[PDB]
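Chains as they are written, first to last, in the deposited numbering: chain L, 1 to 106; chain K, 2 to 118; chain E, 25 to 241; chain A, 53 to 156; chain C, 53 to 340; chain D, 11 to 299; chain B, 61 to 179. We put the beta carbon where it would ideally sit given N, CA and C, even for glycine. Input: a single structure, listed below in structure tokens.
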Amino acid sequence: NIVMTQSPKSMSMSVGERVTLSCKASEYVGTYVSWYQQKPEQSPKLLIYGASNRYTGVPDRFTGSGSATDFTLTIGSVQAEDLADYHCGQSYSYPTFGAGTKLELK
Amino acid sequence: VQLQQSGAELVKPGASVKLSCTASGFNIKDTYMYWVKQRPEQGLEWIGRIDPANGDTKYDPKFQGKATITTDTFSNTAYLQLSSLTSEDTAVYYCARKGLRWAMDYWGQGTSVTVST
Amino acid sequence: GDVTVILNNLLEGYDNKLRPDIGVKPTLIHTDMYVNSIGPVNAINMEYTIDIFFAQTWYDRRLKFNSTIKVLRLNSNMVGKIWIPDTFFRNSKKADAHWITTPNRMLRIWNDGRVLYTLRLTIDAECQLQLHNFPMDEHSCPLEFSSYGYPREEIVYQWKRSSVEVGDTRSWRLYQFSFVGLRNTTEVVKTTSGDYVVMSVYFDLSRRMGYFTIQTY
Amino acid sequence: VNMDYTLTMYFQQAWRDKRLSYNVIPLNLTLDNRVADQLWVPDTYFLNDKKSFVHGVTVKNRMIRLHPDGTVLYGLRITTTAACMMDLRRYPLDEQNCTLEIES
Amino acid sequence: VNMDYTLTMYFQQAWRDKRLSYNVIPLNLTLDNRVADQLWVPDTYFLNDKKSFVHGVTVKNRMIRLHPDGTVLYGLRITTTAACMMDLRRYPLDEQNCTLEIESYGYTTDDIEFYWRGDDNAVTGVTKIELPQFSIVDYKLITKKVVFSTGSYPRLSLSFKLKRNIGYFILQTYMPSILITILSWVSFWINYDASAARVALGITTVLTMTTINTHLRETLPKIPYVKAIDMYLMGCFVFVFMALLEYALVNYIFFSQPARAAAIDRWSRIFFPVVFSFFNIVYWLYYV
Amino acid sequence: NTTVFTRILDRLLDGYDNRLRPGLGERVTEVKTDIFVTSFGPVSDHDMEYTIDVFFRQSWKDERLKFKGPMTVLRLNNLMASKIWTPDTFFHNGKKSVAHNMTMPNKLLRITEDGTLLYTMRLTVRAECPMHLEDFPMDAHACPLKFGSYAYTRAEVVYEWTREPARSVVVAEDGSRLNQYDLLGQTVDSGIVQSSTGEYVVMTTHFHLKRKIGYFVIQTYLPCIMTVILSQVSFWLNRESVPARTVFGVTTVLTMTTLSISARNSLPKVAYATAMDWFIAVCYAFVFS
Amino acid sequence: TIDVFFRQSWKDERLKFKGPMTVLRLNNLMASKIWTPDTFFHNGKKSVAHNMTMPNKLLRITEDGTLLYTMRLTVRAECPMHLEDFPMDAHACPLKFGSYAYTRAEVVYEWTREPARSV
Ligand SMILES: *[C@@H]1O[C@H](CO)[C@@H](O[C@@H]2O[C@H](CO)[C@@H](O[C@@H]3O[C@H](CO[C@H]4O[C@H](CO[C@H]5O[C@H](CO)[C@@H](O)[C@H](O)[C@@H]5O[C@H]5O[C@H](CO)[C@@H](O)[C@H](O)[C@@H]5O)[C@@H](O)[C@H](O[C@H]5O[C@H](CO)[C@@H](O)[C@H](O)[C@@H]5O)[C@@H]4O)[C@@H](O)[C@H](O[C@H]4O[C@H](CO)[C@@H](O)[C@H](O)[C@@H]4O[C@H]4O[C@H](CO)[C@@H](O)[C@H](O)[C@@H]4O[C@H]4O[C@H](CO)[C@@H](O)[C@H](O)[C@@H]4O)[C@@H]3O)[C@H](O)[C@H]2NC(C)=O)[C@H](O)[C@H]1NC(C)=O
Ligand SMILES: *[C@@H]1O[C@H](CO)[C@@H](O[C@@H]2O[C@H](CO)[C@@H](O[C@@H]3O[C@H](CO)[C@@H](O)[C@H](O)[C@@H]3O)[C@H](O)[C@H]2NC(C)=O)[C@H](O)[C@H]1NC(C)=O
Ligand SMILES: *[C@@H]1O[C@H](CO)[C@@H](O[C@@H]2O[C@H](CO)[C@@H](O[C@@H]3O[C@H](CO)[C@@H](O)[C@H](O)[C@@H]3O)[C@H](O)[C@H]2NC(C)=O)[C@H](O)[C@H]1NC(C)=O
Ligand SMILES: *[C@@H]1O[C@H](CO)[C@@H](O[C@@H]2O[C@H](CO)[C@@H](O)[C@H](O)[C@H]2NC(C)=O)[C@H](O)[C@H]1NC(C)=O
Ligand SMILES: CC(=O)[C@H]1CC[C@H]2[C@@H]3CC[C@H]4C[C@H](O)CC[C@]4(C)[C@H]3CC[C@]12C
Ligand SMILES: *[C@@H]1O[C@H](CO)[C@@H](O)[C@H](O)[C@H]1NC(C)=O
Ligand SMILES: *[C@@H]1O[C@H](CO)[C@@H](O)[C@H](O)[C@H]1NC(C)=O
């Protein structure tokens, strides 16, 4: 069982600034780390399938960065509708997700 | 393309609930079908997947025996049956299909089960 | 659908024994390469192995169609039905294409008749190394190719600006040598059959002093 | 040790086939090397070869060129390992004399 | 060195095709070997082969032979270089066992059934095989159904058991080392005052031993464990080294007390052959 | 009967163009590959190559090969695979791969009733494994095996593993022809390589190896050590015996020379110093001290 | 290794012809459209049938049906040796050849000249 330690636990950031999230895998996961954006009271929506591949219909301000274990999700000009949970999940083995990061505005 | 789950269930502790997930827009024989649970304000958790072309089902080690996943190719539906349930699995159950790079591109909507008396 | 109709109309009344413009003008062929790896340069046999992706593009006014699709992308199933230039490497002891799993070939026919034909080759080219100054010797030894049966009046080759592009140069099997550069050249040679346009690519190898420095000195 | 040598040659033959004669065009036709399977070519073989092969990259390395008077010109690129026994009774101050025999 | 073995066989298969059944002529038809390209023949392949071919001189060496009831016989003359993974921990006193797995590629076990014809006289010509080094001890025919991720396919196995002959090695690698040790023992009958002679002996012996060892180990592959012949050579090298260091011990305490030196020389003359014979006996009894 | 099945096959191939990939206009073909390593061949250290015998499985969806008959899956012969479209997967680093033809072409084709094809081959791939022999003979390697498509860019043919990527490349238990190395585990990955012609999908598989130090110990280090000891014995000899100590010194120095030469011949002609080279250099220095 | 001119000759009554010529010295590709015996060497290892430049073969159809079929081929045969008298030994290396798939009731071989003057 591969475990994904996602950081930070909960961050609060203002509009229009660059933000970054980290997802460190325990074992090796080549590029099979996906990033999902779950808004409250909705089903998760796939943002980044594989490392650094935006899904169809995702704005260009989301970018992935992949490695063997460490993965990064950078959002650029952050808008006001990007306030949601952001889960990272590997798929190299049976899928295991991270804990998620509650993004907040302040 | 469009996954329709069932409605909310209110089940007594110690019974079995069978949730359905009807896939419209594709054939389930082509992809896998993952079942995910999510307790309130917690991270996603994998239950198990099923290959509808054969019937090979894999489960999370902590969900083996408790849950079972079956299919129905005629109606393009995936069924998840919770054999014996306690008062702790009062979570939201999602149904998803595998995407391009083994991601889960299309998710369902969630059948929030509730265990109480 | 309709691509089958296009492919059937291109091969109706087509003779793959006659070069394009058989009695008008020579056929201009633009050649490009991609050196994957330059294999071991063994001095005993005066040879060296190289692995390339040879690409040839020419104009064929007979494979000219008019439809919404701009380019036809095909595998090696239609290479033996159109005209294909007979480029051979004049200094290759033994060379052969690749066939696993399917013949490594590519054919792309554009809208105006422009054809691109790409294949994968592993050539055991020959170069007589002047083994003086050994092991403090530097070589620059070529890979020459030209048409076989078509003289200068029928097939003319011509390098592109960015024709030859080496790979990473790190995972190559150049143990005792070291890649420092390359250069392309075009000339005309005389043979018992006629005058041929001979293209050449010179690879410059410089022998690093390490194995011999610790083995004999 | 193997008492043989290897040579690569551009073997070329020229005969006159009165059936492949034309007069409507003045140029010397150079057909694709796949037409050499439809014409008649002489059954020339080397008597003292051991392993031989026409090079086949990027195509079968052969030329078949017609002339307006019927003359056919058929060339190949062969690599023959001709076998020639040596007399080493004066090794290494010896002179070998060995050949390549071409027969129908 | 390649862990393989080449065998040439007359591989024959016999099935029953109802479509090739005729009741007009009463003779067993034998057709040209080129009609086999127009019938159906089972997709048999050897799983552990590396390089094989049907002999093609003067024609493709195959036989097709119908029968008036549909039975088809189909023979080839194959030369397979099968893979033979060997356990060389007893080399050259080892008995090898490597097989020839005959499996159908495309057809599962619910589409084809392999069985030896005769079940004991299926494989002939084994008792006439004369190998230059080994010697066939036993052969077995097995019938299994292996399971891959695409189904369950039938399989036949032909298994030999080759016992290596030890005459060549006793001739080539044991006797030279034994006699080199015997020569090394000569350094004890020379008087301990001779400093060049004895040194010559011990040093020539050491170098010879090490050379022999490396050469023999090269003739085999880079096997990471200690073979039996390697153990014998290491024992001989230990004996040689001990002889040299006993000459050195004698030369060290010679000037101080030559009586103890002569006593040590006698003790060596007596107890080097005894210990060597004891080691040799325990060796040839542990492996044989 | 067999005429119903002949009619089915002739209906399948009637009006089929094997020069067009399935779904040429409105779809990107999805080839679900898989590998079963029947035997990991011997890693040739001289050529920096390695041999591997595989059951290369592929499976795409062809909608032009749908039928409706008594059987569900048509387990056809390997000669039907030449009349339909099959992806031209080539190995990006394979040197001389052979496809076995004993006794018939080692191929397979199963056409499911809904068009889902399955096409396996039996290959013997001789791929390239670039090695950094800077810890020789205590080194560990990761020999790759990259395979992708030829003539089909990423917008046309995309490759994907058929099971969870961790369970796609399987190695048989008894399939280990490695006598010198030690196979640790596989590791798959999927990426995209740019080129002058287009963007191609490339599937990669590294087999991690780990050299066994037994043979090099026995044949280089022990002899080296024993030679150093044999050289060091020359001190306990008295100063009056000059002939002997001279023989000791010269013979040991030349035994170290020949050992260095014989130890360097096994490796490729590399232009840096390995660990064994340092050990032999230090023992050589000791005999010269 | 050995390098031979394997000549064979049988009589096919289906190839009778009357014309201006007596014998027809036909190409080597005509021999692939008629029946030709499938001779193989019982103790051959890897024999080649030279086809440089064109297949090295010869077919002559006499007017009465008699065929002559000649091949040029290198046979790498086996020769088990007993080396107890090495290097003062003498061997007898055999070259056995017969038919494949045709028993004695169907195809029988013979030497064309006296058996002493054949090889
Ligand atoms: C003296 O005797 C020698 C021994 O006989 C002789 O050598 C032989 O020469 C002939 C002719 O030169 C060779 O035959 C040709 O081989 C070409 C490629 O050769 C490479 O591959 C073979 C192995 O061939 C298998 O693999 C290829 C690639 O997959 C297949 O295409 C083959 O059919 C064959 O596949 C079968 O076997 C596989 C197992 O190997 C199975 O997996 C598979 O399922 C099949 O069952 C190698 O042996 C070759 O190595 C030798 O040659 C190289 C040359 O450099 C040497 O260096 C080396 O040392 C070896 O000696 C080599 O690697 C084939 O492409 C070719 O077939 C095409 O051409 C003919 C003639 O034009 C067509 O009729 C034929 O249809 C093929 O054209 C179709 O396919 C091409 C694909 O490129 C298309 O481009 C083309 O348009 C056409 O497509 C059309 O038709 C298709 C159906 O055919 C259809 O599907 C399409 O949709 C479209 O309509 C031909 O077979 C033979 O291999 C040599 N044998 C040996 C042992 O060397 C020598 O010449 C003689 N000398 C003289 C002077 O006479
Ligand atoms: C691999 O094995 C297969 C099957 O054993 C070989 O296929 C055979 O190939 C030969 C020549 O390539 C075919 O003969 C040809 O028949 C046509 C008539 O259709 C004729 O016009 C040609 O002149 C030639 O005689 C033969 O039919 C074919 N058999 C089958 C069952 O496919 C293949 O050649 C082998 N490949 C190698 C590299 O050994
Ligand atoms: C050489 O090595 C092979 C490989 O191990 C040996 O094959 C083994 O032979 C034994 C006895 O013939 C087989 O035992 C059988 O097991 C089956 C299991 O159901 C049982 O039904 C039989 O009654 C018998 O007990 C064993 O399965 C077989 N191993 C394999 C992998 O097939 C062989 O015996 C060795 N010796 C020789 C001379 O080849
Ligand atoms: C490869 O060949 C091309 C064309 O022959 C060379 O490009 C020429 O370079 C010279 C000098 O840089 C320019 O003056 C020409 O205008 C270029 N021609 C074209 C068509 O690009 C190129 O230099 C060669 N590569 C070498 C020598 O490394
Ligand atoms: C005094 C005497 O009898 C002599 C005869 C042979 C001598 C040994 C040779 C090998 C040496 C290797 C190293 O130099 C360590 C010392 C070492 C073990 C020596 C100790 C003294 C010995 C036993
Ligand atoms: C054809 O070849 C002959 C051979 O000498 C030559 O004289 C003639 O000029 C050639 N024809 C052309 C058009 O070049
Ligand atoms: C055909 O073969 C069978 C079995 O080998 C044999 O009994 C029978 O006599 C044969 N037929 C003829 C006509 O010889």
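Please determine whether the Cβ atom of residue i lies at a distance below 6 Å from any heavy atom of ligand 6.
i: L84 of chain D; result: no
List the residues that DSSP assigns as beta-bridge partners of residue i.
i: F101 of chain B; result: B:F157
i: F98 of chain A; result: A:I154
i: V135 of chain D; result: D:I62
i: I255 of chain C; result: The partner list for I255 of chain C (beta bridge, DSSP) is empty, contrary to what the question assumes.
i: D73 of chain K; result: K:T78
i: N173 of chain C; result: In the DSSP output, where bridge partners are listed per residue, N173 of chain C has none listed.
Counting only beta-carbon separations shorter than 7 Å, does residue i have a partner in chain K?
i: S91 of chain L; result: yes
i: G100 of chain L; result: yes
Tell me, please, whether the CB atom of residue i is closer than 7 Å to any CB atom in chain L?
i: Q3 of chain K; result: no
i: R98 of chain K; result: no
Is residue i near ligand 7, judged by its Cβ being under 6 Å from some heavy atom?
i: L79 of chain C; result: yes
Chain E beta carbons: is any one of them nearer than 7 Å to that of residue i?
i: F100 of chain D; result: yes
i: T110 of chain A; result: yes
Between residue i and chain C, is the shortest Cβ-Cβ distance under 7 Å, so that the two count as touching?
i: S107 of chain B; result: yes
i: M131 of chain B; result: yes
Verify the contact flag: residue i, CB atom, against every heavy atom of ligand 3, threshold strictly below 6 Å.
i: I194 of chain C; result: yes
i: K197 of chain C; result: no
Is residue i near ligand 1, with its Cβ less than 6 Å from a heavy atom?
i: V189 of chain C; result: no
Using a beta-carbon distance below 7 Å, is residue i in contact with chain A?
i: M81 of chain B; result: no
i: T240 of chain E; result: no
**Item:** Under 8 Å (Cβ pairs) to chain D, residues found in the region 25 to 48 of chain L
**Value:** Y28, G30, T31 and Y32
**Request:** Specify whether the region 232 to 241 of chain D and the region 180 to 194 of chain D touch according to this definition: at least 3 beta carbon pairs, one from each stretch, less than 8 Å apart.
**Result:** no
**Three CB pairs or more closer than 8 Å across the region 115 to 129 of chain C and the region 252 to 270 of chain C** = no
**Message:** Counting only Cβ-Cβ distances shorter than 8 Å, please list the residues of the region 116 to 137 of chain A near chain E, keeping chain order.
**Reply:** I116, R117, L125, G127, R129 and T131
**Prompt:** In chain order, what residues of the region 135 to 168 of chain D put their CB closer than 9 Å to some CB of chain E?
**Reply:** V135, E138, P140, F157, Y160, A161, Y162, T163 and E166
**Request:** With 9 Å as the limit, tell me which residues of the region 58 to 90 of chain E have their beta carbon closer than that to any beta carbon of chain A; keep them in chain order.
**Result:** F78 and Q80
**Request:** Mind the definition here: the region 168 to 188 of chain E touches the region 86 to 95 of chain E only if three or more C-beta pairs lie below 8 Å; say whether that holds.
**Result:** no
**Message:** Quick test of the definition: if touching needs 3 or more C-beta pairs under 8 Å, does the region 214 to 233 of chain E touch the region 261 to 274 of chain D?
**Reply:** no
**Item:** Near-chain B residues of the region 159 to 182 of chain C - C-beta to any C-beta below 8 Å
**Value:** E182
**Request:** Can you give me, in chain order, the residues of the region 189 to 220 of chain D that have a beta carbon less than 7 Å from any beta carbon in chain L?
**Result:** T197, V198, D199, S200 and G201
**Residues of the region 75 to 89 of chain A whose Cβ lies closer than 9 Å to any Cβ of chain B, in chain order** = none
**Request:** Quick one: which residues of the region 114 to 126 of chain D get their C-beta closer than 9 Å to a C-beta of chain K? List them in chain order.
**Result:** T122, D124 and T126
**Message:** Give me the subset of the region 16 to 39 of chain D whose CB atoms are less than 8 Å from a CB atom of chain E, sorted by chain position.
**Reply:** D27, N28, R29, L30, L34 and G35
**Item:** Residues of the region 186 to 205 of chain C with Cβ closer than 8 Å to any Cβ of chain D, in chain order
**Value:** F200, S201 and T202
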